[PDB]
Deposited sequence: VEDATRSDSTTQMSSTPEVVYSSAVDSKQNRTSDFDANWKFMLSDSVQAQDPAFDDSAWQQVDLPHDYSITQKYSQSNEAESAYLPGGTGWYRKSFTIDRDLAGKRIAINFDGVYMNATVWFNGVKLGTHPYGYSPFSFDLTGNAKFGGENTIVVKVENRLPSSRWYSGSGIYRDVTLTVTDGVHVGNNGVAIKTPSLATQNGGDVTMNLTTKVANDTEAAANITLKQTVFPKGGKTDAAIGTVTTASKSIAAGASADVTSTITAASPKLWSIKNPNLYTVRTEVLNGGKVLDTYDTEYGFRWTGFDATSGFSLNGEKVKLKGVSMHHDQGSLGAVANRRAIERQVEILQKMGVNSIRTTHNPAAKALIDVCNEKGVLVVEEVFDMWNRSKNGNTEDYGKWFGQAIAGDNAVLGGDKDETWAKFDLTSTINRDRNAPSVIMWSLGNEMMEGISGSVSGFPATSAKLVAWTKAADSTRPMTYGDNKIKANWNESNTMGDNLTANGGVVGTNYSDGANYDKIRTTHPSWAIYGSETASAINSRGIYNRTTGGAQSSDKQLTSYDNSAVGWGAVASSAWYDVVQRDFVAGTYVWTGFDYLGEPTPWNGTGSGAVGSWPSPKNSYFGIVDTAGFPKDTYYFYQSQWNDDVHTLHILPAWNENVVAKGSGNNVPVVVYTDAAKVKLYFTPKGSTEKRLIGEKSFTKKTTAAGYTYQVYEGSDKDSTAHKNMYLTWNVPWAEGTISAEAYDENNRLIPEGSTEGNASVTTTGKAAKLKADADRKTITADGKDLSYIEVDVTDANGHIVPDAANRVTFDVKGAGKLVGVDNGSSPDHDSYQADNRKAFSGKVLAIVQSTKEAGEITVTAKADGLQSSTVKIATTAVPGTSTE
């Protein structure tokens, strides 16, 4: 049902048919697909298949396969003469596209956007059929990719004379000094003349605050007449003087719409909008990163693309929720390891104020490595980037073309350890406004290839990323290469489960397929969170850090990882990662509050581990339990209240010492008499407390030695011995969502005792009854070795918590979700859905 009522670019996600099959040939329009599954995109056809130990642990034991997507739709007569194109923000992988039986082309890479023109084969005034074949033979990748059309699909309908796809490039080369007054904008606009007659057009271009009207423009320009031959294109340059634009920054992500109208005489033929933000960055070899002339430490996380129980589906609300949970931790930057992000993530970070280091590739047997250095066939009409060299150039320029105007994107990352020099040149030619980079692992060993490749980055205005360097290695790079601007492109790789306290050690396979929540567990080549941050926060020349990872992701379940088929350990084997600060369900681990005490200067943190039940704590020498406090306060007083008492007694008091760097960054370290012999562990506080039923509570004091109001800080300011499990506590993060068939509500359910305290080891199976104008689309507990179906109506809680994800329908109404558990009191939440205006 495509006609003239839809916008220039319109949502094309609804009403597809899907079939998983390696034998069908379903490209012909007359193919009978009446027995196929009916799905709304985005869609992941790996996440619904069963785990199998004949698959690979690194990709979560889930299969791939060959998936077919079909959509039959109408093109109304009122679109005769118009240009029509279908745009894929991502298809994993090896896509083949037919339109009305005619093959249009292929796209190997599973992570980059691409499009196809439909005009040449369209049946105007009749039925049309688009077919997409997806092939994921599952040697695959080092992490869970998912399979299928896992990102949004859109249709673009334009006049014959129109702005090209991603056709507007914006530069503000003097912003750093023009800031506050008139800012010069240099724009380049690609205008295509897909008619059979010569076109003579002008452009009217306007810059106005996002969501506003054109009468609020801070700058406009009309260009002189440009002649464009029939079937040709032209690059129209123009200059706008923007009157005192609001800068885009982390705290104030002010956004603008740059509207381009293609006029013929006094008639608008095409109107193209692009999102923009005014900001400039800088990387200094001595003092690190700056945003809008102000020094900023890159407090970053590496993030894979999948969304937990939803698989690879790039749902906008799922992505938005991730960024919001990271922001509460104090994260200000995301590295899209190791592939282009969904456009949805770029939109979210533009709106939320998060700096994005957008990575384009991982490395440089049937995977993308075969296609990286191959040319694009002459009869492959795929569109998106340059087609004159290799697929790598196409996918790189396609990503840059999509995101070149996004203010959140500060850097282009080219990979993660001849070809390097080619990628760097392609990036600089494609977008000169941002530095390029990559994460190099062999800089530690100081290979001659790393010295050369690092100098080549700097010579082209790039920034050097070093993977898993410690403080000594940071200093060696700084001394050996005084001209390099460096940062920790991949750090920490601590491995932890959520809610595990009966031991404080880890870093290797255990006996319960879980790992300690204490920050004493990391892979051999990595470091614990306190060690990786201590080395960065001391050094102004280390611009920042990108912790591996922010969220747990499917696949790579190190220390239970495995290349090749076969279970690692006893089945069911761990199938998602342990690197994340937050688990796949969005539930933070304990180290989340360490980072928050280090990074979030808008909140106060006071967090105690472990949970204070005898069957979950670790008893060391003298039956003492190691108690850890994460906090940003200057001083902490620790108390203990015996079970059945209302009076607390002081059991310790420790003050932080504040350190300041030359650039002005401040951090805290404990230098008391009983400090830890490992310096980085003194970024938090530790007490050895004898076990006894009761409550351990903490009070926070500021630099003036005065109390911080309790309850106003984040984290568990106290831990108490709980009773047995008695009731469930459900809570929806959003109690009203949009009835568009896309919006989600996340319902965390906690297992609590009769007094509401979370039972720290509770694993009761919780059943979800979803009624009304919504559907259950996922259940999750973040537990790596749990193989229960994400699409079931039930799941065991893990460490006292379980998650339910409900999706709206396209009819406004109410959703009722009841969480049930044998012997426990149920909990019910109600979510309203509101129609789209």
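Chemist: Counting from 1 along the deposited sequence, which stretches lack C-alpha positions?
Modeler: Absent from the structure are positions 1-23, 388-394, 448-460, 881-885.
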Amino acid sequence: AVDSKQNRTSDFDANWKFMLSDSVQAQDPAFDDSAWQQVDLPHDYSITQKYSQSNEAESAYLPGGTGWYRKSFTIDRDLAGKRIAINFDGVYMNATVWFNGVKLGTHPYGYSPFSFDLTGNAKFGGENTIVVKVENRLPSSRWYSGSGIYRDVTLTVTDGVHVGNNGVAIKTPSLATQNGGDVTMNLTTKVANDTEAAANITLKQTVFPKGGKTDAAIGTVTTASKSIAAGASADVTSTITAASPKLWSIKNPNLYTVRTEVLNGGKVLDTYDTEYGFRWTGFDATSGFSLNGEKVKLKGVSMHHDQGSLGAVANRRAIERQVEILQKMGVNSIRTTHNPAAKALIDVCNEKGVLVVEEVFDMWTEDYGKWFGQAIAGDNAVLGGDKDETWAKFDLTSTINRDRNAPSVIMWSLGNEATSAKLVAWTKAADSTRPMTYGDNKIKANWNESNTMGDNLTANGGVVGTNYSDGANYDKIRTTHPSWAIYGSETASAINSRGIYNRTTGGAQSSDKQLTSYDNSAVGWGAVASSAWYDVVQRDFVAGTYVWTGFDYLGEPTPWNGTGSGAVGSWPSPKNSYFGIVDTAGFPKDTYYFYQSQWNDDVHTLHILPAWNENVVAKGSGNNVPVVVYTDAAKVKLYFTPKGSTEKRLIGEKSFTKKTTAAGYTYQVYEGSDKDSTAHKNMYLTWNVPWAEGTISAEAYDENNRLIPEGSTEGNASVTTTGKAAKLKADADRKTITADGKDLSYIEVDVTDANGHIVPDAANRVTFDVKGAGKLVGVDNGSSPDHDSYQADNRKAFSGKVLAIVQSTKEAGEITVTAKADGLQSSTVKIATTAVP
From here on, numbers count along this sequence of modelled residues.
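Chemist: Taking the recorded C-alpha temperature factors, which stretch has the higher mean, 438-446 or 76-84?
Modeler: It is 438-446 that shows the higher mean C-alpha B-factor.
Chemist: Of the two stretches 545-553 and 681-689, which shows the higher Cα B-factor on average in the entry?
Modeler: The recorded data point to 681-689.
Chemist: Reading the B-factor column of the entry, which of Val163, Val258, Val354, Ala459 has the highest value at its C-alpha atom?
Modeler: Highest CA B-factor of the listed options: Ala459.
Chemist: According to the deposited entry, which of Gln307, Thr286, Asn405, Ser333 has the largest Cα B-factor?
Modeler: Among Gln307, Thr286, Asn405, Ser333, the highest C-alpha B-factor in the entry belongs to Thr286.
Chemist: Pull the Cα B-factor of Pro113 out of the PDB entry and bin it into the chain's lowest, middle or highest third.
Modeler: Lowest third - that is where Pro113 ends up once the chain's C-alpha B-factors are sorted.
Chemist: Using the temperature factors of the C-alpha atoms in this entry, rank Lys729 within its chain: lowest, middle or highest third.
Modeler: According to the entry, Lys729 has a C-alpha B-factor in the chain's middle third.
Chemist: Among the modelled residues of this chain, does the Cα B factor of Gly311 put it in the lowest, middle or highest third?
Modeler: It belongs to the lowest third of the chain when residues are ordered by C-alpha B-factor.
Chemist: Could you say whether, by C-alpha temperature factor, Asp367 belongs to the lowest, middle or highest third of its chain?
Modeler: Top third by C-alpha B-factor.
Chemist: Taking the values exactly as deposited, rank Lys343 by C-alpha B-factor within its chain and report the matching third: lowest, middle or highest.
Modeler: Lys343: CA B-factor falls in the lowest third of its chain.
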